[PDB]
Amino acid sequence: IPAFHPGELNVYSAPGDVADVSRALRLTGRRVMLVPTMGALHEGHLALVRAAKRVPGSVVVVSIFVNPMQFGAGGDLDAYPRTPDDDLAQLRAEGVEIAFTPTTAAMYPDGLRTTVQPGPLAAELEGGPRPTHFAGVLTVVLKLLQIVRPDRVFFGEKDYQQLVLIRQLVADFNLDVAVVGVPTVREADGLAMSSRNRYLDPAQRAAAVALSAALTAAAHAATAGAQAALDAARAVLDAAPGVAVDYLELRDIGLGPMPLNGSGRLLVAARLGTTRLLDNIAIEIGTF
């Protein structure tokens, strides 16, 4: 096997390497935590890291890979922020012991051959205009799960539809891994932290508070029912300078069609100039 130095950051590029190291560690009793990322790490990613780190006797594997398969059209791929130096320094600071940084050739030696076909949820919301996006995501996440074989895998609630689809993947293929959702990390004014936030100028940055404002307003209005919750969110988004709403939708927590008046998730996607922002929140209908 390759070398592993405990209490140090170990960086592996080869899938076989991180696989052997993970397998070895699992036999020594350490529980293996996996945090899949596309790099450009910020505080939101670090909350997943810290959630992983908190599991007693955990070894934390953070993968960094920009997956060509989940990008669909033009140059979303070439436009994705890549800050690899900073990424490894943050992981060192967090006391993460393993970074997995595979090449495209190592992940896709045969191009797109066998792939994962998600359920119908992948055609909705984010999947609407990007009908192959989630197939890309679930395919890469399945591969990472098989390479690393973790006990638990960590995803943010910020990408709630992704989190849900990953739960379906784990259930539907009988994967032996626990999926842990981690609450969204927000700036001081409520803005959901995202790498995309850097594409916002100072005007747009100011208008952007509206997504989380609309959602939290909705969450409190919801004592008055679903229509009140939705109308409150919409009013806030309409009061906001140059925020173009793509969707604002209230669903059950599994992203089915809402109960009558139960527990749910309110999701929004909006454009500020060229920058598409996402946010979501837990909603309880008729409950203070």
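C-alpha atoms forming the largest set that superposes within 1.5 Å between two forms make up the rigid core. Quick note: we count residues from 1 along the sequence shown, nothing fancier.
- Greater C-alpha displacement in 9 other deposited structures of this protein (rigid core superposition, RMS over structures and residues), of 254-262 versus 229-237: 254-262.
- Compared with other deposited structures of the same protein, residue 123 does not meet the criterion of being unmodelled in at least one third, since all of those that resolve residues on both sides include it.
- Among other compared entries that model residues flanking residue 87, every one gives it coordinates, keeping it clear of the one-third cutoff.
- Relative to one another, 275-283 and 19-27 have unequal mean CA B-factors, and 19-27 is the one with the higher figure.
- Remark: stretch with higher mean C-alpha B factor among 196-204 and 181-189 is 196-204.
- Highest CA B-factor among 44, 39, 241, 254, as stated in the entry: 241.
- When the C-alpha B factors of 230, 224, 35, 260 are read from the deposited coordinates, the top value falls at 260.
- Among the modelled residues of the chain, residue 149 sits in the middle third by CA temperature factor in this PDB entry.
- Residue-level temperature factors show residue 74 in the highest third of its chain, judged at the C-alpha atom.
- Sort the chain's modelled residues by C-alpha temperature factor and residue 84 lands in the highest third, per the entry.
- In the deposited entry, the Cα temperature factor of residue 93 places it in the highest third of its chain's modelled residues.
- In the PDB entry, a CA B factor belonging to the highest third of its chain's modelled residues is recorded for residue 128.
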